[PDB]
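Notes for the one structure printed next.
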Amino acid sequence: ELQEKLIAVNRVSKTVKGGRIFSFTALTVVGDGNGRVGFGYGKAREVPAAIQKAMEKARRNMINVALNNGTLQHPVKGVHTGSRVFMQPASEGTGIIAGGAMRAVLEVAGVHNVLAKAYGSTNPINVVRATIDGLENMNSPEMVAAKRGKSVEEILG
Amino acid sequence: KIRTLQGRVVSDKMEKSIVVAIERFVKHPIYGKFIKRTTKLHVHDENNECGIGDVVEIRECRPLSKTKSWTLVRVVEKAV
Amino acid sequence: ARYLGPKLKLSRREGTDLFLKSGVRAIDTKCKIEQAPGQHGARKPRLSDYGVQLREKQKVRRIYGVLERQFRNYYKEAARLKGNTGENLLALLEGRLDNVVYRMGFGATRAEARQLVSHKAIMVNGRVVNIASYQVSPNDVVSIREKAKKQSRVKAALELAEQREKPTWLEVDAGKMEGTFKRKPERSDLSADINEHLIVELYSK
Amino acid sequence: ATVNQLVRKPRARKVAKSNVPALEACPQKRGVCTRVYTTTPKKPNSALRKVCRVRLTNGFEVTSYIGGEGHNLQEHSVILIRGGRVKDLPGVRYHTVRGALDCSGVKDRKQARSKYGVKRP
Amino acid sequence: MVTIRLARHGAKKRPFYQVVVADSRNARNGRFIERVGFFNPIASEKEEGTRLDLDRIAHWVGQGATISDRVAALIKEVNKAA
Amino acid sequence: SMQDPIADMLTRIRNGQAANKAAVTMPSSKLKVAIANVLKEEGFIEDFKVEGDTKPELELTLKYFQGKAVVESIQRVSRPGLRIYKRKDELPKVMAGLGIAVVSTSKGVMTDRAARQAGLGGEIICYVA
RNA sequence: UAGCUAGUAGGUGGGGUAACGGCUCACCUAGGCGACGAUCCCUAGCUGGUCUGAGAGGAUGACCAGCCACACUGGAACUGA
RNA sequence: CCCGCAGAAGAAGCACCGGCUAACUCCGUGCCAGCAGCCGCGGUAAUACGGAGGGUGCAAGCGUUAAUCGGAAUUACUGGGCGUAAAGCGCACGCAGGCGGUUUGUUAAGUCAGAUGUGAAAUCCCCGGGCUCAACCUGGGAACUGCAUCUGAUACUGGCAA
Ligand SMILES: [Mg+2]
Ligand SMILES: [Mg+2]
Ligand SMILES: [Mg+2]
Ligand SMILES: [Mg+2]
Ligand SMILES: [Mg+2]
Ligand SMILES: [Mg+2]
Ligand SMILES: [Mg+2]
Ligand SMILES: [Mg+2]
Ligand SMILES: [Mg+2]
Ligand SMILES: [Mg+2]
Ligand SMILES: [Mg+2]
Ligand SMILES: [Mg+2]
Ligand SMILES: [Mg+2]
Ligand SMILES: [Mg+2]
Ligand SMILES: [Mg+2]
Ligand SMILES: [Mg+2]
Ligand SMILES: [Mg+2]
Ligand SMILES: [Mg+2]
Ligand SMILES: [Mg+2]
Ligand SMILES: [Mg+2]
Ligand SMILES: [Mg+2]
Ligand SMILES: [Mg+2]
Ligand SMILES: [Mg+2]
Ligand SMILES: [Mg+2]
Ligand SMILES: [Mg+2]
Ligand SMILES: [Mg+2]
Ligand SMILES: [Mg+2]
Ligand SMILES: [Mg+2]
Ligand SMILES: [Mg+2]
Ligand SMILES: [Mg+2]
Ligand SMILES: [Mg+2]
Ligand SMILES: [Mg+2]
Ligand SMILES: [Mg+2]
Ligand SMILES: [Mg+2]
Ligand SMILES: [Mg+2]
Ligand SMILES: [Mg+2]
Ligand SMILES: [Mg+2]
Ligand SMILES: [Mg+2]
Ligand SMILES: [Mg+2]
Ligand SMILES: [Mg+2]
Ligand SMILES: [Mg+2]
Ligand SMILES: [Mg+2]
Ligand SMILES: [Mg+2]
Ligand SMILES: [Mg+2]
Ligand SMILES: [Mg+2]
Ligand SMILES: [Mg+2]
Ligand SMILES: [Mg+2]
Ligand SMILES: [Mg+2]
Ligand SMILES: [Mg+2]
Ligand SMILES: [Mg+2]
Ligand SMILES: [Mg+2]
Ligand SMILES: [Mg+2]
Ligand SMILES: [Mg+2]
Ligand SMILES: [Mg+2]
Ligand SMILES: [Mg+2]
Ligand SMILES: [Mg+2]
Ligand SMILES: [Mg+2]
Ligand SMILES: [Mg+2]
Ligand SMILES: [Mg+2]
Ligand SMILES: [Mg+2]
Ligand SMILES: [Mg+2]
Ligand SMILES: [Mg+2]
Ligand SMILES: [Mg+2]
Ligand SMILES: [Mg+2]
Ligand SMILES: [Mg+2]
Ligand SMILES: [Mg+2]
Ligand SMILES: [Mg+2]
Ligand SMILES: [Mg+2]
């Protein structure tokens with residue numbers, strides 16, 4: 001269950017006695033397409049080596065997401081650094097209407113149709129963490145039922 | 001019933017006429033906060049019945065001057 | 001109003017076979033398909049996220065023979081209609097008369113079907129229709145008029161339609177050039193290759 | 001901030017000034033033209049950029065850039081002005097429309113000829 | 001004088017008349033009290049052609065309203081027992 | 001200087017849950033008990049009392065399911081600086097109807113779910129996720 | 001733009017108005033408006049709507065429809081429902 | 001609107017092709033000539049200038065200009081901030097104003113519920129119908145987020161007595 005993909009690649013510099021040496025930073029997200037997501041950063045001297053190094057981290061750094069059918073449970077914020085991020089569940093129609101970086105993480109997670117918007121800064125690294133902070137936080141009705149110790153139907157209905 | 005309006009008097013020093021503020025607690029269109037807005041009418045009264053600083057009931061009627069289309073109905077709670 | 005240029009050129013740029021120059025012969029093998037869009041055909045494209053959406057839109061346009069102004073109007077109808085926006089886009093395209101006339105087998109190509117519709121040959125529910133864009137409603141009976149019936153272009157073009165998949169949603173008589181459009185086309189019946197999701201993405205932004 | 005403060009003084013909307021004072025939302029405007037001349041641009045560029053002062057019909061006195069290679073503009077000659085900064089000559093914030101009125105088309109042009117006002121070959 | 005007359009809407013060469021209760025001084029298309037059915041001369045034999053709410057006509061003609069030359073013909077067209 | 005007492009209650013609940021604290025003492029009231037009972041009845045709080053005659057001290061007893069606290073988020077909506085009264089149909093639903101909004105209606109204080117079915121609106125006191 | 005205001009603010013009586021009224025007079029009282037923006041200045045026909053927007057809003061008020069205003073510029077009345 | 005000939009005959013442009021943004025080479029020129037919506041291209045091997053070929057995008061239109069909103073959560077009510085980025089008055093007192101601990105009353109101003117009248121027609125929206133189709137016209141519905149009055153509800157906020 002791969003469904004791996006690349007959000008952004010970006011070259012970064014160091015500067016030393018001689019001149020300045022350039023490495024590359026990848027940013028990949030992976031998921032099964034059924035409530036499992038994992039971003040992995042990864043950096044290296046060469047570009048294709050950086051994306052493997054990222055993909056290896058992305059597989060291990062995985063988070064579970066309890067989601068309804070093919071969409072979110074409830075509207076959710078998920079702040080991180082300078083990226084606010086908001087995303088609403090939406091109905092069985094439509095598709096993923098969200099920004100790049102924010103919609104790579106959503107489509108591989110397995111949400112088929114959501115509203116979304118990145119406020120604040122839209123740095124690819126931080127907006128991907130912002131989403132995963134949101135999707136980790138996002139609780140389901142089965143969790144909330146057991147949390148209070150009441151009933152699944154009495155809460156929902 | 002007759003369409004009256006309650007209100008507190010601001011002044012009565014005009015001879016057979018009285019000015020009355022109607023405090024209306026409407027909310028702000030944009031910002032949602034409830035503001036304490038005022039409406040100063042001129043009102044007719046037979047003799048100097050009502051003084052300064054007291055609640056008064058007022059009715060809409062015929063225009064009887066330049067301004068002053070409202071008219072007194074009765075007094076409720078006199079001046080302190 | 002129409003393309004009227006090199007039609008097999010459009011298929012190499014897109015990659016897949018668009019049925020533009022399907023015609024009498026079954027398979028082409030006469031253009032270096034896939035690996036020669038133009039002069040710089042050997043150039044492997046990077047192909048961005050906006051690219052793949054545009055390539056998918058332009059494919060569905062060039063197959064059905066529709067321009068962007070009229071195509072974007074189908075999207076505006078598709079959004080307002082019920083169900084799924086993606087499934088409606090393609091359902092409205094398949095409901096065109098020039099497309100139905102092609103799918104019945106009264107035209108080797110869709111452009112030939114378009115010309116057949118436009119030149120007073122096609123007739124539906126006892127009424128002549130010139131418009132390729134004519135939205136064919138459920139439960140109709142498209143047919144050819146008796147003056148232009150059994151002309152040289154239609155009889156040869158109907159023999160081609162035996163090799164074709166032949167839709168389930170419509171039925172053809174084949175003897176007297178008489179068709180019967182029955183129900184609205186389903187997603188799973190046709191194509192199973194052109195992606196709708198990417199075209200919905202292009203227009204939503 | 002503070003909802004009471006906003007009731008007392010509402011949100012003042014930033015009235016962003018227009019780039020091009022040609023006035024009354026006009027697409028283009030006539031210009032009598034005075035002093036056709038060359039000028040040097042800012043730092044990384046270096047050239048002799050062709051430009052003219054334009055006595056506009058409404059009363060304004062603006063510089064306008066003369067696009068294309070070569071021109072018929074001199075001393076007077078009535079021209080048409082559209083909007084658009086050059087971003088190189090500081091002060092120049094308009095473009096002469098090539099083709100309209102006494103400003104002729106660019107000589108011997110093939111590609112992009114609506115811009116530069118040239119007819120078919 | 002209130003009068004029941006046609007309003008004339010629809011496209012060029014394709015008229016559609018909104019029969020309507022209006023004051024004589026007000027323009028054809030302009031101000032009215034209330035619309036009271038319609039008329040379509042280019043309808044032909046099909047489902048719909050002409051409709052005219054006869055209950056509201058009793059409220060106006062009974063009180064004091066004239067009926068125009070064409071609207072008087074459509075009250076004869078709709079009939080009382082035909 | 002102590003303008004909203006109800007917000008102060010909801011901070012003590014929020015800040016008690018952050019500190020992993022068992023019980024939360026505070027000055028009592030009519031409206032405090034009404035809110036505290038609605039939170040208990042649905043199941044954010046696990047029991048409470050109102051011990052005191054002259055100077056009453058309402059103490060709550062906060063709930064914890066895992067290491068995580070039960071009250072995820074709790075905020076004042078209809079603060080005294082800006083009163084927020086919603087109508088029957090315009091009543092909110094917190095977390096798409098799996099959290100609650102405490103709403104002071106004409107038939108006493110109750111949840112937003114109960115206010116819909118009872119058929120009336122009111123002052124929305126606080127959202128509770 | 002911080003004070004404006006003397007038929008100005010109210011009363012009694014007379015005249016006038018299709019109609020009530022400082023509408024207008026005579027006398028009487030000394031008010032009235034004003035920081036929840038009077039006065040002064042600049043700009044502007046107003047609405048149903050239009051365009052835009054996830055919506056809140058923002059902008060706008062060509063065409064169709066309602067209301068107002070004006071008719072060479074400044075006045076006045078006559079005629080008449 | 002319908003047939004009747006006639007012959008492909010009379011009927012295709014114009015943006016763009018360095019990143020943003022779909023599409024590349026070759027000559028000419030050499031911080032010149034010029035381009036430019038933003039970054040920026042040109043100093044003798046230019047994908048950005050001029051031409052040529054080739055492509056891409058729209059097509060009886062296409063681009064440029066101007067104008068409004070959007071994106072702009074860049075006036076933030078929904079929905080921002082103020083240690084160092086722009087931003088806590090130098091510090092107090094204080095009238096008007098905003099806000100106000102707690103328990104009983106009691107009204108019903110706010111608030112909430114219901115009901116009736118109205119919110120012109122068109123427009124918008126949905127299901128139809130009519131022009132060969134569409135735009136266009138058009139039937140009915142919903143809506144017109146409102147305002148008024150009238151009857152209740154008393155938790156909350158206000159008024160009022162302790
Ligand atoms: Mg060292
Ligand atoms: Mg920013
Ligand atoms: Mg009453
Ligand atoms: Mg009342
Ligand atoms: Mg056209
Ligand atoms: Mg050919
Ligand atoms: Mg959109
Ligand atoms: Mg220089
Ligand atoms: Mg009139
Ligand atoms: Mg007839
Ligand atoms: Mg209501
Ligand atoms: Mg008269
Ligand atoms: Mg008067
Ligand atoms: Mg809209
Ligand atoms: Mg929109
Ligand atoms: Mg917005
Ligand atoms: Mg306006
Ligand atoms: Mg006009
Ligand atoms: Mg006209
Ligand atoms: Mg007119
Ligand atoms: Mg009037
Ligand atoms: Mg008037
Ligand atoms: Mg006049
Ligand atoms: Mg007049
Ligand atoms: Mg005139
Ligand atoms: Mg005159
Ligand atoms: Mg005159
Ligand atoms: Mg005059
Ligand atoms: Mg007479
Ligand atoms: Mg003909
Ligand atoms: Mg012929
Ligand atoms: Mg021939
Ligand atoms: Mg022949
Ligand atoms: Mg030709
Ligand atoms: Mg030189
Ligand atoms: Mg070089
Ligand atoms: Mg070269
Ligand atoms: Mg070029
Ligand atoms: Mg070309
Ligand atoms: Mg244009
Ligand atoms: Mg803007
Ligand atoms: Mg904004
Ligand atoms: Mg705010
Ligand atoms: Mg900020
Ligand atoms: Mg500094
Ligand atoms: Mg600072
Ligand atoms: Mg300070
Ligand atoms: Mg200080
Ligand atoms: Mg200050
Ligand atoms: Mg005070
Ligand atoms: Mg107070
Ligand atoms: Mg209190
Ligand atoms: Mg209290
Ligand atoms: Mg009572
Ligand atoms: Mg009330
Ligand atoms: Mg009210
Ligand atoms: Mg009500
Ligand atoms: Mg209406
Ligand atoms: Mg329709
Ligand atoms: Mg039809
Ligand atoms: Mg139809
Ligand atoms: Mg229309
Ligand atoms: Mg209609
Ligand atoms: Mg209607
Ligand atoms: Mg209704
Ligand atoms: Mg009681
Ligand atoms: Mg009470
Ligand atoms: Mg009370």
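Following the order of the structure tokens, chains are lettered A, B, ..., residues in each are numbered from 1, and ligands are numbered from 1.
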
Original post:
Which neighbours of residue 21 (chain G) fall inside 9 Å, counting only C-alpha atoms (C1' of nucleotides), when residues of the same chain fewer than 3 positions from it are skipped, and could you give them as a ChimeraX atom specification?
Top reply: /B:63-66

For the residues in the current selection, export C-alpha atoms as a PDB file, in the first residue's frame.
```pdb
ATOM      1  CA  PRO B  63     -49.468  66.949  13.405  1.00  0.00           C
ATOM      2  CA  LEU B  64     -50.070  69.992  15.641  1.00  0.00           C
ATOM      3  CA  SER B  65     -46.916  72.092  15.002  1.00  0.00           C
ATOM      4  CA  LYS B  66     -43.629  72.133  13.049  1.00  0.00           C
TER       5      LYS B  66
END
```

Select the residues contacting ligand 3 at a distance of at most 10 Å, based on only C-alpha atoms (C1' of nucleotides) and all ligand atoms, then format the selection as a PDB file with N, CA, C and O atoms (P, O5', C5', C4', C3', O3' and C1' of nucleotides), in the first residue's frame.
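Final file, result-v5.pdb:
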```pdb
ATOM      1  N   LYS B   1     -55.134  47.154  20.649  1.00  0.00           N
ATOM      2  CA  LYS B   1     -54.917  48.327  21.563  1.00  0.00           C
ATOM      3  C   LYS B   1     -54.251  49.477  20.798  1.00  0.00           C
ATOM      4  O   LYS B   1     -53.781  49.288  19.672  1.00  0.00           O
ATOM      5  N   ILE B   2     -54.228  50.660  21.410  1.00  0.00           N
ATOM      6  CA  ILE B   2     -53.523  51.823  20.840  1.00  0.00           C
ATOM      7  C   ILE B   2     -52.004  51.614  20.857  1.00  0.00           C
ATOM      8  O   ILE B   2     -51.457  51.069  21.820  1.00  0.00           O
ATOM      9  N   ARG B   3     -51.334  52.049  19.791  1.00  0.00           N
ATOM     10  CA  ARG B   3     -49.909  51.765  19.592  1.00  0.00           C
ATOM     11  C   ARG B   3     -49.034  52.785  20.325  1.00  0.00           C
ATOM     12  O   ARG B   3     -48.455  53.688  19.715  1.00  0.00           O
ATOM     13  N   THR B   4     -48.945  52.619  21.642  1.00  0.00           N
ATOM     14  CA  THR B   4     -48.181  53.535  22.502  1.00  0.00           C
ATOM     15  C   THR B   4     -46.672  53.251  22.492  1.00  0.00           C
ATOM     16  O   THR B   4     -46.226  52.215  21.994  1.00  0.00           O
TER      17      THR B   4
ATOM     18  P     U H 149     -44.891  47.348  16.043  1.00  0.00           P
ATOM     19  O5'   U H 149     -46.215  46.516  16.348  1.00  0.00           O
ATOM     20  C5'   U H 149     -47.505  47.147  16.254  1.00  0.00           C
ATOM     21  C4'   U H 149     -48.555  46.177  15.762  1.00  0.00           C
ATOM     22  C3'   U H 149     -49.021  45.124  16.749  1.00  0.00           C
ATOM     23  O3'   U H 149     -49.900  45.681  17.725  1.00  0.00           O
ATOM     24  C1'   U H 149     -48.667  44.112  14.646  1.00  0.00           C
ATOM     25  P     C H 150     -49.706  45.343  19.284  1.00  0.00           P
ATOM     26  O5'   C H 150     -50.355  43.893  19.418  1.00  0.00           O
ATOM     27  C5'   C H 150     -51.738  43.667  19.081  1.00  0.00           C
ATOM     28  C4'   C H 150     -51.979  42.217  18.724  1.00  0.00           C
ATOM     29  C3'   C H 150     -51.663  41.189  19.797  1.00  0.00           C
ATOM     30  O3'   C H 150     -52.688  41.113  20.787  1.00  0.00           O
ATOM     31  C1'   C H 150     -50.780  40.451  17.738  1.00  0.00           C
ATOM     32  P     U H 151     -52.326  41.235  22.346  1.00  0.00           P
ATOM     33  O5'   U H 151     -51.792  39.775  22.704  1.00  0.00           O
ATOM     34  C5'   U H 151     -52.644  38.769  23.299  1.00  0.00           C
ATOM     35  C4'   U H 151     -52.251  37.377  22.852  1.00  0.00           C
ATOM     36  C3'   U H 151     -51.288  36.624  23.757  1.00  0.00           C
ATOM     37  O3'   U H 151     -51.946  36.024  24.872  1.00  0.00           O
ATOM     38  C1'   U H 151     -50.598  36.384  21.509  1.00  0.00           C
TER      39        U H 151
END
```

Original post:
What's the 12 Å shell around residue 49 (chain G), counting only C-alpha atoms (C1' of nucleotides), without same-chain residues fewer than 5 positions away, as number ranges by chain?
Top reply: G: 60-61, 64-66; H: 122-124

**OP:** Show me which residues sit within 9 Å of ligand 54 when counting only C-alpha atoms (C1' of nucleotides) and all ligand atoms, and put them as a list in words.
**Re:** residues 106, 107 and 108 of chain H

Deliver the residues from the most recent selection as a file, using N, CA, C and O atoms (P, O5', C5', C4', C3', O3' and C1' of nucleotides), as a PDB file, in the first residue's frame.
```
ATOM      1  P     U H 106     -43.062  36.857  41.771  1.00  0.00           P
ATOM      2  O5'   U H 106     -43.304  38.158  40.884  1.00  0.00           O
ATOM      3  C5'   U H 106     -44.004  39.303  41.402  1.00  0.00           C
ATOM      4  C4'   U H 106     -43.593  40.557  40.667  1.00  0.00           C
ATOM      5  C3'   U H 106     -43.704  40.516  39.152  1.00  0.00           C
ATOM      6  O3'   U H 106     -45.059  40.712  38.761  1.00  0.00           O
ATOM      7  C1'   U H 106     -41.644  41.508  39.776  1.00  0.00           C
ATOM      8  P     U H 107     -45.589  40.198  37.336  1.00  0.00           P
ATOM      9  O5'   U H 107     -45.880  41.565  36.569  1.00  0.00           O
ATOM     10  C5'   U H 107     -45.695  41.712  35.146  1.00  0.00           C
ATOM     11  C4'   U H 107     -44.782  42.881  34.860  1.00  0.00           C
ATOM     12  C3'   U H 107     -44.289  42.983  33.425  1.00  0.00           C
ATOM     13  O3'   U H 107     -45.238  43.711  32.651  1.00  0.00           O
ATOM     14  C1'   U H 107     -42.468  43.239  34.941  1.00  0.00           C
ATOM     15  P     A H 108     -45.869  43.067  31.327  1.00  0.00           P
ATOM     16  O5'   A H 108     -44.638  43.044  30.316  1.00  0.00           O
ATOM     17  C5'   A H 108     -43.874  44.234  30.030  1.00  0.00           C
ATOM     18  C4'   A H 108     -42.566  43.864  29.374  1.00  0.00           C
ATOM     19  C3'   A H 108     -42.692  43.117  28.047  1.00  0.00           C
ATOM     20  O3'   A H 108     -41.797  43.622  27.060  1.00  0.00           O
ATOM     21  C1'   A H 108     -41.514  41.783  29.630  1.00  0.00           C
TER      22        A H 108
END
```

Original post:
Which residues come within 7 Å of region 53-63 of chain A, counting only C-alpha atoms (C1' of nucleotides), excluding same-chain residues fewer than 3 positions away, as a PyMOL selection string?
Top reply: chain A and resi 26-30+36-43+49-50+136

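Nearest-residue note for chain D: choosing from G:35, G:67, G:2, G:54, the minimum distance belongs to G:35, counting only C-alpha atoms (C1' of nucleotides).
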
**OP:** Using only C-alpha atoms (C1' of nucleotides) and all ligand atoms, determine which residues fall within 9 Å of ligand 30, then list them as a list in words.
**Re:** residues 1, 2 and 3 of chain H

Would you mind exporting the chosen residues as a PDB file, in the first residue's frame, restricted to N, CA and C atoms (P, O5', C5', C4', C3', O3' and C1' of nucleotides)?
```
ATOM      1  P     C H   1     -36.127  29.914 -40.829  1.00  0.00           P
ATOM      2  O5'   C H   1     -36.973  28.702 -41.431  1.00  0.00           O
ATOM      3  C5'   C H   1     -37.431  27.601 -40.618  1.00  0.00           C
ATOM      4  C4'   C H   1     -38.510  26.802 -41.327  1.00  0.00           C
ATOM      5  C3'   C H   1     -38.105  26.039 -42.581  1.00  0.00           C
ATOM      6  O3'   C H   1     -37.487  24.777 -42.329  1.00  0.00           O
ATOM      7  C1'   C H   1     -40.065  27.255 -43.044  1.00  0.00           C
ATOM      8  P     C H   2     -36.578  24.071 -43.461  1.00  0.00           P
ATOM      9  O5'   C H   2     -37.620  23.735 -44.622  1.00  0.00           O
ATOM     10  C5'   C H   2     -38.578  22.661 -44.489  1.00  0.00           C
ATOM     11  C4'   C H   2     -39.449  22.524 -45.725  1.00  0.00           C
ATOM     12  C3'   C H   2     -38.756  22.023 -46.980  1.00  0.00           C
ATOM     13  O3'   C H   2     -38.627  20.601 -46.960  1.00  0.00           O
ATOM     14  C1'   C H   2     -40.126  23.873 -47.540  1.00  0.00           C
ATOM     15  P     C H   3     -37.192  19.906 -47.152  1.00  0.00           P
ATOM     16  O5'   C H   3     -36.505  20.804 -48.274  1.00  0.00           O
ATOM     17  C5'   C H   3     -36.054  20.259 -49.528  1.00  0.00           C
ATOM     18  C4'   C H   3     -37.210  20.037 -50.486  1.00  0.00           C
ATOM     19  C3'   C H   3     -36.831  20.091 -51.960  1.00  0.00           C
ATOM     20  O3'   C H   3     -36.609  18.779 -52.472  1.00  0.00           O
ATOM     21  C1'   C H   3     -38.387  21.807 -51.506  1.00  0.00           C
TER      22        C H   3
END
```
